[PDB]
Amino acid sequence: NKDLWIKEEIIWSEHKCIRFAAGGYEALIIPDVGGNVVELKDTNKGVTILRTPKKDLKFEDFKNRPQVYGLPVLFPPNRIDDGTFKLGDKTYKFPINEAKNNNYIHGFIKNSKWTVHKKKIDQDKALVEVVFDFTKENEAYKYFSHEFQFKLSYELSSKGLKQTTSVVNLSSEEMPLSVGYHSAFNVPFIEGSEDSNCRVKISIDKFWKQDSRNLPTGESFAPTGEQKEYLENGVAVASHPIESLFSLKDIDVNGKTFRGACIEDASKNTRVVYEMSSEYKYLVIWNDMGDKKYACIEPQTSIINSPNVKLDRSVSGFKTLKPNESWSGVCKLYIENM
């Protein structure tokens, strides 16, 4: 059909981008900055899901802070205490990039150049894949001496956007692994609505307290107060500042298990759904004070600071990859009627 295509074009004067469309959806990915999908919309429904840079934002200001737009991939997601952890008798020590709390945070792959690996239209789906090759020549290799390849595989269709994230350890040693996304959502996501019309639901299990450096204390709690609304009628995310860490569980929705989040605008009878595979065990919600018409909903394979917590790996979610072993997780983003 006419709405199935993939276009490579120039953005910000000298950067390649890929725009892709299938099943009424259209997306835009920026390989040069984190392979970030900065736009996902359904123009006929008038819905734009992901927070996208405005025309006036300079490339350099995007590249320096891409995590507040689109789908920023994190490695590791969130904080490592003092930028250091051990694996067996090996010490990893990273330069501090969160000064106030003395942590290493989020990783560099979100800021880095990825290369286009595949572009394919097939049946009525559009597939775009980008990869990041981390080699011995990378300036960061001295701090994390494991060759690896990350891949983001995006499949767009009438079912929305499917994101398959994978990484393979190409090194000769066991590689620490924690992955997530700093995903940035429009609230509201449709014209003729308001931020106050949006409710956020999340399939939370427990709340995890954070200390004054934003590191987990290791204590977890049943949802209390407003947190309970994530499982019932939804939190009015724009009403006040929110910065919270939860573990995730499956819930039952319409005879089927579901893990993830959704953003409901009852006024427009539309729900944005962010479905996450079981590989995603924790989630940070952060709305940047709630006054900027967006919120971040941030899935993670493990707890914040997972390499350092005094919890078993089955709880923390910290993982390692053996040589040539891979990890993969899947998320889906789509729109549905309420």
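Numbers follow the displayed sequence, beginning with 1.
> Read off the CA B-factors in the entry, average them over 55-63 and over 272-280, and name the higher stretch.
Per the PDB entry, the higher value belongs to 55-63.
> For the stretches 210-218 and 117-125, which has the higher mean C-alpha B-factor as given in the deposited record?
Between 210-218 and 117-125, it is 117-125.
> Quiz for you: based on the deposited Cα B-factor, which of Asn36, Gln300, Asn287, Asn44 is highest?
In this record, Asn44 carries the highest C-alpha B-factor of the candidates.
> Looking at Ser247, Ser153, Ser178, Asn233, which one carries the largest C-alpha B-factor according to the PDB entry?
Across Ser247, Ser153, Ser178, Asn233, the entry lists the biggest C-alpha B-factor for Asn233.
> Is the Cα B-factor recorded for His146 in the lowest, middle or highest third of its chain?
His146: CA B-factor falls in the middle third of its chain.
> Ordered by C-alpha B-factor within the chain, which third holds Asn254? Give me lowest, middle or highest, please.
Highest third of the chain for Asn254's C-alpha B-factor.
> Splitting the chain's C-alpha B-factors into thirds, which one does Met338 fall into?
CA B-factor rank for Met338: highest third.
> Lowest, middle or highest third: which one holds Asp81 when the chain's residues are ordered by CA B-factor from the entry?
Within its chain, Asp81 is a lowest-third residue by C-alpha B-factor, going by the deposited values.
> Quick check for you: using the entry's CA B-factors within this chain, is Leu311 in the lowest, middle or highest third?
According to the entry, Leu311 has a C-alpha B-factor in the chain's highest third.
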